[PDB]
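Below is one structure, written out as structure tokens, with a few remarks after it.
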Amino acid sequence: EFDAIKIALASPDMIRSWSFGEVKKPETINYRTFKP
Amino acid sequence: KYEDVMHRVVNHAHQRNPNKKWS
DNA sequence: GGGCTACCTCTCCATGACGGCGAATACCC
DNA sequence: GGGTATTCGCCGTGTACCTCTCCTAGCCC
RNA sequence: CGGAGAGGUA
């Protein structure tokens, strides 16, 4: 499948390529409904 | 209507000496 | 006592390891 | 300033397992 | 099925 592992610094554009959406609130789930 | 679970989080290391590390 | 709502950062807790190694100053001309 | 000491800061310190206990504060009701 | 602590085993 894959040869050698490469490691490098994390560019901000590369981090935005990893992601799937900005987190903006510190709340996690609700506990009244367990849906997040 | 929030009962945010981060106010229910168990302090699961409640017996550790405060000077120990890595946890 | 206890059920509902939530920290959306305040002070002295501490105090009995030792070796080693390397970096960041201290100093002596 | 150049080489040498001295303090200061980090890293580390044996494996596998078996029981048990213990997990939230504040407050205005 | 989450991690700490205490004791114990070799």
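Same order as they appear, the protein sequences are chains J and N.
If you read the first sequence in the entry's author numbering, its first letter stands for residue 16, the second for the next number, and so on.
If you read the second sequence in the entry's author numbering, its first letter stands for residue 87, the second for the next number, and so on.
Every residue, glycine too, gets a C-beta built ideally from N, C-alpha and C.
Query, Result
"Run down chain N in chain order and give the residues with a C-beta less than 8 Å from the C-beta of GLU42(J).", "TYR88, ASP90, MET92"
"Check for me: the alpha helix (DSSP H) holding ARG31(J) runs from which residue to which?", "27 to 33"
"Between the C-alpha atoms of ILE22(J) and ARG31(J), what's the straight-line distance to the nearest angstrom?", "17 Å"
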